[PDB]
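give me a 3D structure for the following:
(chains A, B and C, ligands or ions: 1)
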Amino acid sequence: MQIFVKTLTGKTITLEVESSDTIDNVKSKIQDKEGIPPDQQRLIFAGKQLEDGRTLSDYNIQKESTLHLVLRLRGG
Amino acid sequence: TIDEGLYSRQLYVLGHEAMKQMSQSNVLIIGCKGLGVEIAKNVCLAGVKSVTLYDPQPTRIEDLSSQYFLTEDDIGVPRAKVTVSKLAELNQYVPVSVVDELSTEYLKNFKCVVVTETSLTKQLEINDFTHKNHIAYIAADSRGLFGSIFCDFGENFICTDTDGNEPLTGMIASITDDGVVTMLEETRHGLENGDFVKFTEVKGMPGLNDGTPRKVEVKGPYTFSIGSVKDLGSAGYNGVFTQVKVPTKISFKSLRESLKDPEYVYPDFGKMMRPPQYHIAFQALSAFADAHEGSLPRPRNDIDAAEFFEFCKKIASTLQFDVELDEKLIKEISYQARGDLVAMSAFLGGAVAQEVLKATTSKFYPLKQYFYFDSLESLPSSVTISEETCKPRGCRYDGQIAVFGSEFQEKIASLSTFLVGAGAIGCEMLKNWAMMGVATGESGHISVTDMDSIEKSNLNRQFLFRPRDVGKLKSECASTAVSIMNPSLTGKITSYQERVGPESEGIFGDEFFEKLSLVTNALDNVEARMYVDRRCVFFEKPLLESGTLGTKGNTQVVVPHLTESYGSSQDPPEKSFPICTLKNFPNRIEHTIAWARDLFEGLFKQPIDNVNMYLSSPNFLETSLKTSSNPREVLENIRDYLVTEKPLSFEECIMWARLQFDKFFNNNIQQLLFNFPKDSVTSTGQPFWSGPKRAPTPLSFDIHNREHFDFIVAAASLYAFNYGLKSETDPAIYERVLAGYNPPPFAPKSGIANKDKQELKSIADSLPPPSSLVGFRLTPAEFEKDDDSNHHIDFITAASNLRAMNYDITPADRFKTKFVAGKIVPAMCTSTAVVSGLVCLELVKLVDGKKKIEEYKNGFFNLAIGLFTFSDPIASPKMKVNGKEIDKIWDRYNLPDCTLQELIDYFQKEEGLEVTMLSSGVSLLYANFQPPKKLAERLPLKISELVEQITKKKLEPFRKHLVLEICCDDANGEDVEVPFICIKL
Amino acid sequence: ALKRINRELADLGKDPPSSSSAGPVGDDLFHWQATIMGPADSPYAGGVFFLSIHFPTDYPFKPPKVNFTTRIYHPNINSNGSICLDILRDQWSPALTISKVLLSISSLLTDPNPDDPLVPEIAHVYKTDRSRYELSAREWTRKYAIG
Ligand SMILES: *P(=O)(O)OC[C@H]1O[C@@H](n2cnc3c(N)ncnc32)[C@H](O)[C@@H]1O
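Numbers count the residues shown, from 1 in each chain, chains lettered A, B, ... in the order given. The coordinates are given below.
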């Protein structure tokens, strides 16, 4: 299985994960490839924000799935 | 020649070439209803060359649902003629015109053509011409809670900037013989496969410094590959790489060709089967209108819905679409055909205006090509929505009633909202509320709060403020403008000038917060957001947060007892550089700007403040001697800025400026190079000044040089302002006085029981007694943008540029220095419009009182890449306390004002928990490790008395509750997390 | 931040640091006064160094402001007491306890880093004349860090 993560700035990240991996492992991989601490990562799949402690199979994340990595903004 | 005093924030987003191209483009807008007027407003604020409007239809009352430039006295007049007058005022550099008749050949005058409120046949006729003549064509529709956008920029569109990001750059550590570029220690390049980079300052491989881009093959977060550089050399060290962004060719299809085989943009991946449905539905709408003299299906009418679905089936069969039609969704499109919501108009107008800017400037990645959107989760479910309640009542809210009904209108009209901030998002929110009819009922009310006043750079993205309003309060002007838009709000809006923070809890207290229905944030900082979030959590009020940054934006919703609060999640913090890097070894312009800001603070605001406070505090020295780490610095500062260097004229001010120039740009560098010569080697034998450390060079003053003279003028003017003298800008006096200065000689020094204490005491007593000076004060220099025109930004620019020339860094001009030092946030009108639209779409969910967490959507978007994402809010966590389910955010203990012992016994008896720590505010009221005597003193006191005693400050008369944080552990010794306590005074 | 501060304080209390002892001032939780004993195998032997710790309003999401209060002759500590530590400026994460900070400071005192100094004068003395650096450190600790 292989998944893609798209940032809010257009960058694309390719991750090699298994269907049984926890969201914590995926966040650690994203930290390794990006340097973003897991507590500051907001992942979205099919309109659901992925939460720590659960596995990918809970969200029906299969191969070639696309996640979105987003963040909040402070202007106004 | 762009007006940087008005487009200051927009230049940080677009640029100079982009706006130069933008100001040479003509935009035609067909249709002047809510969507059309929103697009025209955003375009006028953006700054295109001119806008031409075409809408000869007479005004009707229902049009007032989303058209905010129409009034009840304009019924029967063509919409363009009544809208041009209001649009002409938004921007004085953008003429707005009207055409009473349109011809095909007349379309060649315009750079972009936007089409709204037009049938499909007319759209085909227009596009058949614009496509072959290479004119950008955008078509937008808004039907109830559904929206569509279509872009066609020609067959050979050229995009110069795709993602809109700043070019990437980095410092190398080694380039092997096979092009394996390695970054510095634990530094990430951030590139991606297929990118182009160009190198400079590469030692050992000078050929790579020519500047020819090379393909990048990312092999890891720290290293990448560029190819084979065998011929260019063997191995290279150090250097800096910078990304190169290349143009792209995007090819679009015409509308006639696009109808058969469209290409969709998906605003939500949770519903990927819908856009094919909307593609058929909108065409069926057009056919139905063509079959009924341009009459859309009536609201919640079933015969029209059946006929519309027959048209949908016919169209789907004709186009050979292998799509199974979802009857419910298509009939929903039919029911809301005549809907006209200001929120959907705002959202789509922001998006379409951004597309227009893309067409004119050739930047960012356009929509390619169909963008179908819906917010069907906002449809009320707690009220009656039928043909009876959705029929028009001959009022200005017909467009909204056609979607929601009259009962929901009554619900909206009795809202009591509270809006924090009245900037750009605040103005958009107020306009949306005025159009929607919020708080126009007998029990409605709106409260606006904002402590700032109108400036010149705020008018561009804030369309309610005019150049005649400069200097007034933002909230008052916004309230008056929106009362003009909707006269029914006269007397229903109250505006304050209070900063929302810990010091204004006497105004926004329990009584104020009990009557509200919801709170909407329109702030620009995180501290105020967190404070308002805590207040909403305590009072259990819904909160609507939204933020923007250039072309990016987000919106979040906080619902009591359902979702987590705003402060339950973290965001990346602002970067703070190491003190060693800032002080001695900078290698970037940001480091030098930070150093210059610190120099300003410590040279014009710290010493003056210390001097002023010394003359007032009688016991300052007593605490300073034992508390501050280096009282010697304080004493020397007071002496120097009080007695030793008191100026009277301006010549001595210029001499002092020259002295400081030598101090900070010539002598410290010499000392540093005496300590660490240019040929020194580290403890490992490697060169010292290699890589992140750049060897500095002392600067010798030269009056003719622009930078040195600018620094001298800025520093002298700031010093004069400090000492209240008459500054001058005539270069003759500066030239005369700087030539007679002989710098004192400077030579670096190598260095080489209670004397120090006695020395400090002697210095202290040497100062004049406090009674010597009474009523004498000096004015510290504060930081602003030409509001206090003491050359603040100019001084910082000169200091930073001089220090950059010290380390051979590339200097930055005043624009970038203002951007960095001022911490300005790039702002766009389109992003503001989109976030306001999303927030107002969530507001109707909040009004309806939806209880399921899947019915709310937090929204994120980036308009530079055409990305939209929505996700359900995170539910608040639960916990177990005493074998009961407790919410960790929205639950609290409500107790009377009881003695500390009674509170402890209550927690021991009811919750079965042992209290270990108890604190209120910033004070530790009780802790298990305190000595028995202290506790025995503090046990029989009430909580209010205990807090007053510990904080040494009586509670205010308006204070009606206390919030306590308690940490307690179970019987077994396992620490238990419990909610906060709410003591009722 | 009160709960986090109290939890860290209790964790310190349960297991003594031995070589360090940090605790609040008066009844205020956003201001601590820590103490450190110089390593035996270092020029700072037999010295007691006091530190002031100010917890920001956003703790642990913002690093604590730790400043020396005594006078110490060290390459990475300047006259104002500022400490050159990566975990206090930009490497701070909401998972580091004050015990970790005190261990890091003790390690810093154990071996200075003159390759990236904060006080170039002392770094130059350390790189050139080690014996003079040792004597100056001993004199400073016996004149300011004893009593
Ligand atoms: P954008 O920067 O365009 O406008 C921001 C507006 O928010 C107001 N504001 C900021 N911070 C506060 C607090 N703490 N209380 C009330 N209002 C605030 C600014 O005055 C701008 O109007």
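
so which residues on chain B come close to the ligand?
B:420-424, B:449-452, B:474, B:499-501, B:522-525, B:528 (Cβ under 6 Å from any ligand atom). All C-beta spots, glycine's among them, are computed from the backbone N, C-alpha and C.

from these, which land in strands?
B:420, B:449 (DSSP state E).

tell me the buried residues in stretch B:580-598?
Buried residues in stretch B:580-598, counted by 16 or more other Cβ atoms under 10 Å in any protein chain shown: B:580-597.

gap between the two ends of it?
Counting by Cα to Cα, to the nearest Å, you get 14 Å between the two ends of stretch B:580-598.

go on, stretch B:964-976?
Stretch B:964-976: ends 16 Å apart by Cα to Cα.

okay, strands next: where are they in the stretch 251-400 of chain B?
For the stretch 251-400 of chain B, the strands defined by DSSP state E, counting those that start in this stretch occupy B:264-265, B:370-374.

please apply the same query to chain C.
Per DSSP E, chain C carries strands over the ranges C:23-25, C:28-37, C:48-54, C:65-68.

take these and write them to TSV, including mean neighbour count and distance to residue B:714.
What follows is those, written out as TSV (neighbours: other Cβ atoms under 10 Å in any protein chain shown; distance: least, Cβ to Cβ, whole Å):
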stretch	mean neighbour count	distance to residue B:714
strand C:23-25	14	42
strand C:28-37	18	38
strand C:48-54	18	34
strand C:65-68	18	31
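
out of the ones you listed, which gets nearest to residue B:394?
strand C:28-37 (62.0 Å; Cβ to Cβ).

now the closest one - C-alpha only, PDB.
What follows is strand C:28-37, C-alpha atoms only, in PDB (Å, rounded to 0.1, in the frame of the first residue of the first chain):
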ATOM      1  CA  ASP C  28       3.200  32.400  42.600                       C
ATOM      2  CA  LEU C  29       3.400  29.500  40.100                       C
ATOM      3  CA  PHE C  30       4.600  31.500  37.100                       C
ATOM      4  CA  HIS C  31       8.000  32.300  38.700                       C
ATOM      5  CA  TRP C  32      10.500  29.700  40.000                       C
ATOM      6  CA  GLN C  33      13.900  29.900  41.600                       C
ATOM      7  CA  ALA C  34      16.200  27.000  40.700                       C
ATOM      8  CA  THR C  35      19.600  26.100  42.100                       C
ATOM      9  CA  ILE C  36      22.400  24.100  40.500                       C
ATOM     10  CA  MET C  37      25.700  22.800  42.000                       C
END
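
how many neighbours does residue B:785 have?
17 (other Cβ atoms under 10 Å in any protein chain shown).

ugh, typo on my part, it should be residue B:468
Neighbours of residue B:468 using other Cβ under 10 Å come to 9.

one more: residue B:963?
For residue B:963, the neighbour count with other Cβ under 10 Å is 13.

doesn't it fall inside a strand?
Yes: counting by DSSP: H, G, I helix; E, B strand; the rest coil, residue B:963 is part of a strand.

distance check, it against residue B:894.
11 Å (Cβ to Cβ, to the nearest Å).

which residues do those two both contact?
Both residue B:963 and residue B:894 are contacted by residue B:982, under the criterion Cβ atoms under 8 Å, 6 or more residues apart in numbering or on different chains.

chain A: helices as residue ranges?
Per DSSP state H, chain A carries helices over the ranges A:23-34.

follow-up on the earlier one: which of the buried residues of stretch B:580-598 fall in helices?
If you go by DSSP H, those have B:580-583, B:589-597 in helices.

which of those residues come close to chain C?
B:580, B:583 (Cβ under 8 Å from any Cβ of the partner chain).

turn the strands of the stretch 251-400 of chain B into CSV, including mean neighbour count and distance to residue B:572.
Converted to CSV, the strands of the stretch 251-400 of chain B look like this (neighbours: other Cβ under 10 Å; distance: least, Cβ to Cβ, whole Å):
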stretch, mean neighbour count, distance to residue B:572
strand B:264-265, 18, 28
strand B:370-374, 22, 29
